[PDB]
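Chemist: Take this sequence and fold it.
(one chain, ligands or ions: 1)
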Amino acid sequence: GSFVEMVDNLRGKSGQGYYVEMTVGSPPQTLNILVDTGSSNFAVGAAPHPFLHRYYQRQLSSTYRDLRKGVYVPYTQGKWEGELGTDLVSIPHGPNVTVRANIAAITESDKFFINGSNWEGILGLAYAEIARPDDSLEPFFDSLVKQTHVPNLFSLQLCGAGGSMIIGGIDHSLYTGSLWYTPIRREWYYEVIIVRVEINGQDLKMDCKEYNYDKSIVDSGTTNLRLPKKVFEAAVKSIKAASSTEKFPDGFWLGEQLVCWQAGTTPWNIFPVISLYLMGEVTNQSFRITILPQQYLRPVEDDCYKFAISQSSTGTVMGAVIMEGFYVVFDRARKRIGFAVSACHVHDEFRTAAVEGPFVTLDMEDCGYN
Ligand SMILES: Nc1nc2ccccc2nc1N1CCCC1
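Modeler: Residues are numbered from 1 along each chain as shown. Dropping the coordinates below:
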């Protein structure tokens, strides 16, 4: 399992996602595409926009095809809108293959393209269920798999402060220890089940349904770890108490105010370690993943930091803060998500992120909410 073409094929600014090189059309038109496992449309900019600079030019592709059908994607704090079509796609530092796929050519934007982000489009890598306009618009990865011999599998190493996407394979060099897998509960988002939460080993002692209310997803297109209101409050209460030797304003905890120490003097060790126990492959087994303050304290330009754990009303989003500690294998073929300690993860001399198991956990499928 060696994939040296694909290693280090991701780049990205802090809090502005991780993107990848893709070409579309004939002749090839290069674009930087956000890697988003929380959506299922491959959409790209196809018109002028201030924060864009390059874009898809459909009238220059001899292989473009118009599906003569619009698509409208509203969401939490914005919208994008565009015209459906198809065209040959490739990934220069990906599998050596060209495939025809659904492309959404974006024409209206609103709080979507981010200034100085250097990505021009989005590659939704999750399931048809949540594709727009409807689940019959085949997402790119499916197309890729069905048109080639590429296994139904991708893995993501994301490094805090670049990273790798391996399509079709697990690269052992990107991580150490063992891979541990958790079931994909249902195939829309990469939904999975959390059965226990610990701050420095203290249980939140919470009815585990609260952890997945009304779902727990793995989303590379979300920066923060987002937790359900109820879980969030208890988590911050516990993190507060554990780092209480130094105190911060309410505003820091709400993800607003930065906090700064002199360069190189960051007291990582006063902040607690956060562990999520995920449902295992075998009955009555969980494994845990364990992330550091280095993961949930996001650097900003003294060394300055922004708290990267926020409230949610739509359930647990396991974002980049979580993904940055782990090689995360997206094993669609066997319906499961594999975690291993990332070889590229940020940590101090004294504490590392971790992936340990097994643990005896009874009644784990009570931990999902319906
Ligand atoms: N993963 C997400 N992708 C998006 C793409 C476009 C617009 C909004 C998006 N929101 C996402 N999140 C997953 C659940 C809520 C946030």
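Chemist: Going by C-alpha atoms from here, please, whenever you check contacts or count neighbours.
Modeler: Will do.
Chemist: Ends of stretch 7-24, what's the gap?
Modeler: Its start and end residues considered, stretch 7-24 measures 21 Å (C-alpha to C-alpha, to the nearest Å).
Chemist: from the middle of its chain, how far away would that stretch be?
Modeler: 12 Å (C-alpha atoms, centre = their mean, to the nearest Å).
Chemist: quick one: contacts of that stretch?
Modeler: 29-35, 56, 87-94, 114, 117, 119, 158, 160-166, 220-223, 298-300 (C-alpha atoms under 8 Å, 6 or more residues apart in numbering).
Chemist: The residues you listed: which ones sit near the ligand?
Modeler: Near the ligand, taking C-alpha under 6 Å from any ligand atom as the test, the members of the contacts of stretch 7-24 found are 221-222.
Chemist: So which of the contacts of stretch 7-24 sit within strands?
Modeler: Using DSSP state E, the members of the contacts of stretch 7-24 that fall in strands are 29-35, 87-90, 158, 163-166, 298-300.
Chemist: returning to that earlier point: would you show me how to pick out the buried ones of the contacts of stretch 7-24 in PyMOL?
Modeler: To isolate the buried ones among the contacts of stretch 7-24 in PyMOL, judged by 16 or more other C-alpha atoms under 10 Å, type:
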select buried, resi 29+30+31+32+33+34+35+56+87+88+89+90+91+92+93+94+117+119+158+160+162+163+164+165+166+220+221+222+223+298+299
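Chemist: Which parts of the stretch 251-370 of the chain are helices?
Modeler: Using DSSP state H, counting those that start in this stretch, the helices of the stretch 251-370 of the chain run over 293-296, 320-323.
Chemist: In the chain, what residue lies closest to the ligand?
Modeler: Nearest to the ligand, among the residues of the chain, is residue 38, at 3.2 Å (C-alpha to the nearest ligand atom).
Chemist: Name the nearest residue to that residue, sequence neighbours excluded.
Modeler: residue 219 (4.6 Å; C-alpha to C-alpha, 6 or more residues apart in numbering).
Chemist: Would you mark the buried spots in the longest helix along the chain?
Modeler: As assigned by DSSP state H, the longest helix anywhere in the chain is helix 229-242. Using 16+ other C-alpha under 10 Å as the burial criterion, the residues of helix 229-242 that qualify are 229, 231-232, 235-236, 238-240, 242.
Chemist: and it, what does it pack onto?
Modeler: strand 194-199, strand 309-312 (3 or more C-alpha pairs under 8 Å, 6 or more residues apart in numbering; DSSP states H and E).
Chemist: could I get the ones you listed as a markdown table with mean neighbour count?
Modeler: A markdown table is the format used below for the helices and strands packed on helix 229-242 (neighbours: other C-alpha atoms under 10 Å):
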| stretch | mean neighbour count |
| --- | --- |
| strand 194-199 | 23 |
| strand 309-312 | 20 |
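Chemist: How about the residues of the stretch 51-200 of the chain by the ligand?
Modeler: Counting by C-alpha under 6 Å from any ligand atom, the stretch 51-200 of the chain sits next to the ligand at residue 75.
Chemist: Please enumerate the helices of the stretch 51-200 of the chain.
Modeler: Going by DSSP H, counting those that start in this stretch, the stretch 51-200 of the chain shows helices at 140-147.
Chemist: how many neighbours does the residue nearest to residue 38 have?
Modeler: 26 (other C-alpha atoms under 10 Å).
Chemist: how much space is there between it and residue 36?
Modeler: Residue 219 is 7 Å from residue 36, by C-alpha to C-alpha.
Chemist: before we move on, what about residue 200?
Modeler: Taking C-alpha to C-alpha, one finds residue 200 at 30 Å from residue 36.
Chemist: okay, the two: which has more neighbours?
Modeler: Set residue 200 next to residue 36 and count neighbours by other C-alpha under 10 Å: residue 36 wins out with 22 against 16.
Chemist: So for that one, what's the nearest residue that isn't a sequence neighbour?
Modeler: Here the residue nearest residue 36, using C-alpha to C-alpha, 6+ apart, is residue 221, at 4.4 Å.
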